[PDB]
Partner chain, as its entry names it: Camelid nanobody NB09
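As C-alpha coordinates, one chain now follows by itself in the form solved without its partner chain.
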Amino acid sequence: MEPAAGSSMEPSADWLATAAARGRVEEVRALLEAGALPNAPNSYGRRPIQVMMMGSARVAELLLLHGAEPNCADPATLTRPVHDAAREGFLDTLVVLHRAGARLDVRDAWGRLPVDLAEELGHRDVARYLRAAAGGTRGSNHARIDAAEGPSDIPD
(Lines give C-alpha, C1' and ligand atoms only; values in the text may rest on other atoms or scores of the structure.)
Protein backbone atom coordinates (compact mmCIF):
# COMPACT_ATOMS: atom_id res chain seq x y z
CA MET A 1 0.00 0.00 0.00
CA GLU A 2 1.14 3.63 0.45
CA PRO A 3 3.59 3.97 3.36
CA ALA A 4 3.53 7.19 5.44
CA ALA A 5 4.99 8.48 8.74
CA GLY A 6 5.70 12.25 8.57
CA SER A 7 9.34 13.29 8.01
CA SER A 8 9.61 13.08 4.19
CA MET A 9 12.84 12.51 2.23
CA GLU A 10 13.14 14.67 -0.91
CA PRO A 11 16.46 16.43 -1.52
CA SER A 12 15.29 18.82 -4.27
CA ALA A 13 17.86 21.08 -6.00
CA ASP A 14 19.86 22.85 -3.27
CA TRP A 15 23.51 22.99 -4.46
CA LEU A 16 23.66 26.62 -5.69
CA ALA A 17 22.67 27.68 -2.15
CA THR A 18 24.93 25.25 -0.20
CA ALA A 19 28.00 26.48 -2.14
CA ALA A 20 27.17 30.18 -1.51
CA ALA A 21 26.76 29.76 2.28
CA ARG A 22 30.24 28.18 2.17
CA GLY A 23 31.75 31.40 0.74
CA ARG A 24 32.38 29.27 -2.37
CA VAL A 25 31.68 31.34 -5.49
CA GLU A 26 33.48 28.93 -7.87
CA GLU A 27 31.10 26.03 -7.12
CA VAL A 28 28.10 28.34 -7.72
CA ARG A 29 29.41 30.02 -10.90
CA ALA A 30 29.96 26.57 -12.44
CA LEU A 31 26.63 25.38 -10.97
CA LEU A 32 24.41 28.40 -11.79
CA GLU A 33 25.46 27.93 -15.43
CA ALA A 34 25.29 24.12 -15.16
CA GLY A 35 21.53 24.53 -14.57
CA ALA A 36 21.41 25.34 -10.82
CA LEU A 37 17.80 26.03 -9.76
CA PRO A 38 17.64 29.83 -9.74
CA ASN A 39 14.54 29.69 -7.52
CA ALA A 40 15.25 26.64 -5.34
CA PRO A 41 14.08 27.17 -1.75
CA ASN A 42 16.56 25.54 0.65
CA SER A 43 15.56 23.89 3.95
CA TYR A 44 17.56 26.59 5.81
CA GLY A 45 14.65 29.02 5.32
CA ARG A 46 17.29 31.47 4.06
CA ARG A 47 16.52 31.56 0.30
CA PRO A 48 19.39 30.94 -2.15
CA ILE A 49 21.07 34.31 -1.42
CA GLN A 50 19.98 34.91 2.19
CA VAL A 51 22.18 31.85 2.88
CA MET A 52 25.25 32.87 0.79
CA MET A 53 27.32 33.50 3.94
CA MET A 54 26.56 37.23 3.33
CA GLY A 55 30.36 37.52 3.02
CA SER A 56 30.73 37.10 -0.77
CA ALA A 57 28.44 39.51 -2.70
CA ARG A 58 30.01 38.03 -5.86
CA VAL A 59 27.76 35.03 -5.12
CA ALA A 60 24.59 37.18 -4.85
CA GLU A 61 25.15 38.54 -8.39
CA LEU A 62 25.57 34.92 -9.56
CA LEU A 63 22.12 33.89 -8.30
CA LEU A 64 20.45 37.35 -8.45
CA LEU A 65 21.58 38.09 -12.03
CA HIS A 66 20.40 34.55 -12.71
CA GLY A 67 17.10 34.98 -10.83
CA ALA A 68 17.44 34.18 -7.10
CA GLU A 69 14.94 35.34 -4.47
CA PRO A 70 16.19 38.78 -3.41
CA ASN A 71 12.57 39.57 -2.46
CA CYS A 72 10.77 36.49 -1.06
CA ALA A 73 11.83 35.64 2.49
CA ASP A 74 10.62 33.68 5.54
CA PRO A 75 6.94 33.40 6.44
CA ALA A 76 7.86 33.05 10.14
CA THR A 77 9.82 36.29 10.65
CA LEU A 78 9.84 37.89 7.17
CA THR A 79 13.64 37.55 7.08
CA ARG A 80 14.25 39.10 3.63
CA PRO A 81 17.65 38.92 1.92
CA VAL A 82 18.00 42.62 2.82
CA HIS A 83 18.78 41.88 6.47
CA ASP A 84 21.44 39.33 5.46
CA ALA A 85 23.46 41.98 3.57
CA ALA A 86 23.32 44.64 6.34
CA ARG A 87 23.23 42.09 9.21
CA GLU A 88 26.66 41.00 7.89
CA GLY A 89 27.92 44.48 6.85
CA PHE A 90 28.11 43.57 3.14
CA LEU A 91 26.89 46.53 1.07
CA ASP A 92 28.03 44.93 -2.22
CA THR A 93 25.14 42.48 -1.63
CA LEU A 94 22.44 45.17 -1.21
CA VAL A 95 23.75 46.87 -4.38
CA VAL A 96 23.15 43.64 -6.33
CA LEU A 97 19.68 43.16 -4.78
CA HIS A 98 18.66 46.72 -5.78
CA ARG A 99 20.35 45.98 -9.14
CA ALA A 100 17.66 43.39 -9.89
CA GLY A 101 14.35 44.73 -8.50
CA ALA A 102 14.92 44.19 -4.75
CA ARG A 103 12.14 44.58 -2.17
CA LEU A 104 14.17 46.95 0.07
CA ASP A 105 11.07 47.87 2.12
CA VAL A 106 9.90 44.85 4.13
CA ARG A 107 10.07 44.19 7.87
CA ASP A 108 11.61 41.25 9.74
CA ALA A 109 8.28 40.73 11.57
CA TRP A 110 9.59 42.12 14.91
CA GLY A 111 12.95 43.29 13.50
CA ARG A 112 11.20 46.50 12.30
CA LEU A 113 13.43 46.75 9.21
CA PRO A 114 16.81 45.74 7.77
CA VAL A 115 18.05 49.36 7.81
CA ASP A 116 17.43 49.53 11.57
CA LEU A 117 18.96 46.09 12.25
CA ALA A 118 22.02 47.28 10.29
CA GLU A 119 22.47 50.40 12.47
CA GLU A 120 21.93 48.62 15.82
CA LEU A 121 24.30 45.71 15.02
CA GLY A 122 27.23 47.53 13.36
CA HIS A 123 26.59 48.05 9.63
CA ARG A 124 26.25 51.86 9.54
CA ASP A 125 27.68 51.92 5.99
CA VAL A 126 24.78 49.59 5.15
CA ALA A 127 22.18 51.06 7.56
CA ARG A 128 22.63 54.52 6.02
CA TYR A 129 22.71 53.40 2.36
CA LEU A 130 19.79 51.14 3.30
CA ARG A 131 17.51 54.01 4.41
CA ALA A 132 18.24 55.63 1.03
CA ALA A 133 17.58 52.42 -0.96
CA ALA A 134 14.68 51.25 1.25
CA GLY A 135 13.12 54.71 1.78
CA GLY A 136 10.79 55.33 4.74
CA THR A 137 8.07 57.70 6.08
CA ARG A 138 6.23 56.95 2.81
CA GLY A 139 2.43 57.28 3.02
CA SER A 140 2.47 59.38 6.22
CA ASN A 141 4.15 62.73 5.45
CA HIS A 142 1.84 64.62 7.85
CA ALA A 143 3.20 65.03 11.40
CA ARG A 144 6.48 63.07 11.13
CA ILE A 145 6.97 62.72 14.93
CA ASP A 146 5.87 59.39 16.49
CA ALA A 147 2.16 59.00 17.29
CA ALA A 148 1.23 62.72 17.28
CA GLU A 149 -1.34 63.98 19.81
CA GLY A 150 -4.93 62.95 18.97
CA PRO A 151 -6.67 59.79 17.78
CA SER A 152 -5.93 59.34 14.06
CA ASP A 153 -8.69 57.86 11.86
CA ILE A 154 -8.05 54.54 10.05
CA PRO A 155 -10.83 53.63 7.61
CA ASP A 156 -10.06 50.22 6.03
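Numbering follows the first chain given and starts at 1.
In what follows, reference is made to the form solved in complex with its partner chain, a form of this protein that is not presented.
- Here the chain stands by itself, but in the deposited bound form one stretch of 60 to 68, 86 to 94, 118 to 126, 40 to 48, 60 to 68, has heavy atoms within 4.5 Å of its partner chain.
- Using a 4.5 angstroms limit between non-hydrogen atoms, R112 is distant from its partner chain in the deposited bound form.
- At the 4.5 Å threshold, heavy atoms of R107 stay clear of its partner chain in the deposited bound form, well away from it.
- In the deposited bound form, at least one heavy atom of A100 sits within 4.5 Å of a heavy atom of its partner chain.
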